[PDB]
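Chains as they are written, first to last, in this note's numbering: chain P, 314 to 571; chain V, 19 to 283. Have a look at the structure below, then the notes.
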């Protein structure tokens with residue numbers, strides 16, 4: 314596992330966006346051989362998407378032959394609703410880069426069969442082979458996406474009931490009314506994330522300090538990253554408050570070395 | 019508890035020596051009212067003694083009315099032996115400062131009764147009231163002086179067997195022979211150290227990082243964790259000793275003690 318200890322959220326956004334762009338330009342995707350990218354939502358990914366747009370506007374990268382898969386989506390909320398994950402991804406990223414609609418994949422939470430929709434997504438992932446880079450966040454309790462904190466490492470795409478903690482957090486997006494937050498969501502599994510060639514986790518904020526410590530130092534779903542072949546965690550200084558001094562010191566020198 | 023996170027061993031030596039001198043000059047000791055100082059041995063205390071000698075030669079401090087009590091001493095080893103803690107204290111400190119012979123107190127490991135000698139030592143401490151400042155080190159496993167790892171917090175001065183790990187250590191001082199290291203020592207107890215008004219522990223080196231973590235962050239357990247129940251405990255460390263502490267712990271004490279960090283930077 315690689316830990317990138319940066320100072321602030323802006324540096325985390327710029328570094329993570331630059332890492333994605335560098336890999337896409339190293340890969341050089343085509344119509345026959347696209348670059349497959351897993352994508353999250355939320356406040357911390359939002360700053361990366363803004364930085365990715367800045368690099369696109371600078372002519373530094375093209376998403377024409379980039380295929381994307383998003384982590385999750387609300388059930389029962391129309392995709393046209395402003396607070397859907399479809400709306401988040403288009404409003405904050407897709408509408409500003411040269412991505413192709415047919416290469417965009419976001420789970421549909423309003424199908425005739427939620428179980429069937431989840432398996433279709435898993436098969437669309439397999440049809441491309443593997444995801445080359447899956448970007449994600451972590452929750453305060455170390456949970457990935459909408460998977461339960463204690464999800465099996467083999468878990469796959471499925472429907473989940475939102476916990477009481479996720480409803481009150483996401484309530485700010487729904488007029489500060491917990492009864493307006495969708496009660497269900499479709500979410501990729503932990504096994505779905507680990508099947509990617511690379512996982513990049515963005516961890517910012519004091520409230521994520523225990524999660525980052527569990528991810529980096531502990532033996533908390535995010536701890537499964539320790540057995541992943543190519544795991545990258547990009548954090549800011551407040552997120553490192555629970556790490557040991559020697560841990561931050563070693564990775565701070567390792568990155569300055571590159 | 020205070021943690022003084024400094025950069026290197028020299029700064030730990032200079033700061034700890036300056037702290038001792040400042041307290042002595044703040045105390046203003048006399049014959050009737052002496053300053054009582056507890057003293058350890060070893061490589062890390064040695065640099066503090068060297069720094070204290072420079073401050074004495076500069077006219078910054080006098081030890082004329084300072085009474086000292088050492089932590090421990092080997093049993094069965096003559097005090098004149100080069101590896102006794104008598105020889106360590108005189109060669110590296112007492113022979114270079116203006117301390118008075120009658121104000122020096124070191125456990126005698128060759129008396130006719132080890133229990134009586136230890137009780138006399140405790141009584142001698144009590145006759146002065148309290149030790150005003152007890153300087154000490156810590157072992158890699160958190161032990162203090164020669165107290166066993168699971169020593170009682172109320173334990174007093176007594177004769178003790180050196181642990182197997184203490185026996186393999188210190189073997190370099192006795193011809194690289196574990197069988198030639200003295201098997202017993204007289205040592206102050208954990209309660210004896212805790213009775214002092216103030217305790218200052220010197221913690222340097224990567225090998226002491228686990229010990230510092232137990233002392234500063236761990237729950238009371240590691241004899242050094244007994245410092246957490248003391249009224250005024252001070253730990254002076256260098257950067258390698260902090261490697262096992264949490265970032266927020268070093269961050270907190272670097273800002274809190276920023277004036278003490280700047281004084282030797």
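We treat Cβ as the ideally placed atom computed from N, Cα and C, and that holds for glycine.
Leaving out five residues on either side along the sequence, give the residues of the same chain with a beta carbon under 6 Å from the beta carbon of residue 95(V).
Excluding positions up to five away in sequence, the list reads 102, 200.
Using a Cβ-Cβ cut-off of 8 Å, state whether residue 553(P) counts as contacting chain V.
Residue 553(P) counts as touching chain V.
Along the alpha helix (DSSP H) that carries residue 376(P), what are the first and last residues, could you check?
Per DSSP, residue 376(P) lies in no alpha helix (DSSP H) and is assigned neither H nor E.
Taking C-beta to C-beta, are residue 384(P) and residue 501(P) nearer than 8 Å?
Taking 8 Å as the Cβ cut-off, residue 384(P) and residue 501(P) qualify as a contacting pair.
Does the contact criterion of 3 or more C-beta pairs under 8 Å hold for the segment 336-350 of chain P versus the segment 364-380 of chain P?
By the C-beta criterion, the segment 336-350 of chain P is judged to be in contact with the segment 364-380 of chain P, since at least 3 inter-stretch pairs fall below 8 Å.
For residue 263(V), return the contacting residues in chain P, with the cut-off set at a CB-CB distance below 8 Å.
557, 558, listed in chain order.
Rank 169(V), 245(V), 204(V), 192(V) by C-alpha distance to the C-alpha of residue 218(V) and give the top, closest one.
Closest option to residue 218(V), Cα to Cα, is 245(V).
Using a C-beta to C-beta distance shorter than 9 Å, which residues of chain P count as neighbours of residue 217(V)?
Neighbours of residue 217(V) on chain P: none; closest Cβ ~24 Å, over 9 Å.
Would you kindly work out how many angstroms separate the C-alpha atoms of residue 282(V) and residue 97(V), rounded to a whole number?
Taking the straight line joining both Cα atoms gives about 36 Å.
Do residue 315(P) and residue 544(P) have their C-beta atoms closer together than 8 Å?
In this structure, residue 544(P) lies closer than 8 Å to residue 315(P) by Cβ.
DSSP three-state call for residue 496(P): helix, strand or coil?
Note: residue 496(P) maps to coil in three-state DSSP.
is_contact[residue 547(P), chain B] using C-beta, thresh 8 Å
Protein chains P and V are contained in the structure displayed, whereas chain B is not.
Can you check whether the CB of residue 243(V) is closer than 8 Å to the CB of residue 160(V)?
Judged by beta-carbon spacing, residue 243(V) lies within the 8 Å limit of residue 160(V), meaning their Cβ atoms are closer than that value.
Contacts of residue 268(V) in chain P (Cβ-Cβ under 9 Å)
Here the neighbours are 558.
Closest to residue 247(V) by CA distance: which of 163(V), 171(V), 29(V) is it?
Of 163(V), 171(V), 29(V), the residue nearest in Cα terms is 171(V).
Residue 216(V) and residue 132(V) closer than 8 Å at C-beta:
No, these two residues do not count as a Cβ contact at 8 Å.
Between 358(P), 551(P), 443(P), which lies nearest to residue 507(P) when the distance is taken from Cα to Cα?
The shortest C-alpha separation from residue 507(P) is found at 443(P).
What did DSSP end up calling residue 23(V) once you bin it into helix, strand or coil?
Looking at residue 23(V) - three-state DSSP - the assignment turns out to be strand.
With DSSP as the reference, label residue 506(P) as helix, strand or coil.
If DSSP states are grouped into helix, strand and coil, residue 506(P) belongs with the helices.
Which partner residues of residue 512(P) appear in the DSSP bridge assignment?
Per DSSP, 447(P), 544(P).
DSSP state of residue 476(P), grouped into three classes?
Residue 476(P) falls in the coil class under three-state DSSP.
Quick one: what does DSSP say residue 123(V) is sitting in, helix, strand or coil?
Three-state result, residue 123(V): strand.
With burial defined as no fewer than 16 other Cβ atoms inside 10 Å of the residue's Cβ, what is the status of residue 143(V): buried or exposed?
Within 10 angstroms of the beta-carbon of residue 143(V) lie 16 or more other beta-carbons, which makes it buried.
In whole angstroms, what is the alpha-carbon distance linking residue 169(V) and residue 276(V)?
One C-alpha to the other measures close to 35 Å.
Relative to the C-alpha of residue 329(P), which residue among 435(P), 549(P), 556(P), 562(P) is closest?
In terms of Cα proximity to residue 329(P), the closest of 435(P), 549(P), 556(P), 562(P) is 549(P).
Considering only DSSP beta bridges, list what residue 386(P) is partnered with.
Looking at the DSSP assignment, residue 386(P) forms a beta bridge with 499(P).
By the three-class DSSP mapping on this structure, what secondary structure does residue 466(P) have?
Coil, per DSSP.
Identify the continuous beta strand (DSSP E) that holds residue 349(P) and give its terminal residues.
Residue 349(P) -> beta strand (DSSP E) spans 348-352.
If residue 189(V) sits next to residue 183(V), beta carbons under 8 Å apart, how far is it from one beta carbon to the other, in whole angstroms?
Rounded, the Cβ-Cβ distance is 11 Å, inconsistent with contact.
Could you give the first and the last residue of the continuous alpha helix (DSSP H) run that contains residue 438(P)?
For residue 438(P), the enclosing alpha helix (DSSP H) stretches over residues 427-441.
With DSSP as the reference, identify every bridge partner of residue 471(P), one or two as the case may be.
500(P).
Answer yes or no: do residue 113(V) and residue 80(V) have a C-beta to C-beta separation smaller than 8 Å?
Going by C-beta atoms, residue 113(V) is not nearer than 8 Å to residue 80(V).
With distance defined between alpha-carbon atoms, name the residue in 233(V), 241(V), 140(V) nearest to residue 174(V).
That would be 140(V), whose Cα lies nearest to the Cα of residue 174(V).
Out of 72(V), 124(V), 119(V), state which residue places its alpha-carbon closest to the alpha-carbon of residue 93(V).
Minimum Cα distance to residue 93(V) is reached at 124(V).
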